[PDB]
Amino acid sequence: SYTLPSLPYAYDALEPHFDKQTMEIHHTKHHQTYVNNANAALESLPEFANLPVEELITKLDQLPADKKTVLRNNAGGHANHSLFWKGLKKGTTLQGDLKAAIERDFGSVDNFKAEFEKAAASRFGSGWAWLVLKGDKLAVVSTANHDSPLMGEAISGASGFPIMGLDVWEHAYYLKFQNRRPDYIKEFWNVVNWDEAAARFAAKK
């Protein structure tokens, strides 16, 4: 079964950028719910229940027809949020090979940011915006609801290994920003954990 991961910081550790109230609800209510629903669905599937969540979502097609959607939405939710919590932290700086790769594939850090913001802001409805590694090139993509690039293009409309991502579901920013998603996206740059992003980029898997 999956365990709800604890956060690597206090609920107010991202202030004054991301509000403490949202961090707590987002983690203890929303993420908890996705974990519960995924675990409940996997109860009768011992074989799949043993796999790490990141691996399970790459095999949604091998699941019984009646368990595919619930796991896509909830296991996808668990995987995305787990990655999200670890990808946030104040005081980090983009540098090293990751910075070099971004300037290489996007021309500059500013161009990359503009592209990411465009994808995050244009996602209509609920979804996520991502910086992914496809083979050896970095790219920006967005997915609907709780889909992940790890699920494959056939299912999510995108592919690649997630380096970092931003939750653009309204519950992630409504309490503090209401309809102003663009403001939320801007504040994100102040809390994106570049150290974790660099680590994932190095691993590539």
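One rule holds for the numbers: they count along the sequence shown, beginning at 1.
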| property | result |
| --- | --- |
| Higher-scoring stretch by recorded Cα B factor average, 18 to 26 or 189 to 197 | 189 to 197 |
| Segment of higher mean CA temperature factor, 142 to 150 or 42 to 50 | 42 to 50 |
| Per the PDB entry, maximal CA B factor within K134, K86, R72, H78 | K134 |
| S156 CA temperature factor, ranked by third within the chain | middle |
| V168, C-alpha B-factor rank within chain (lowest, middle or highest third) | lowest |
| For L175, the third of its chain into which the C-alpha B factor falls | lowest |
| Among modelled residues of the same chain, the CA temperature factor third for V35 | lowest |
| Lowest, middle or highest third - CA B-factor, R123 | lowest |
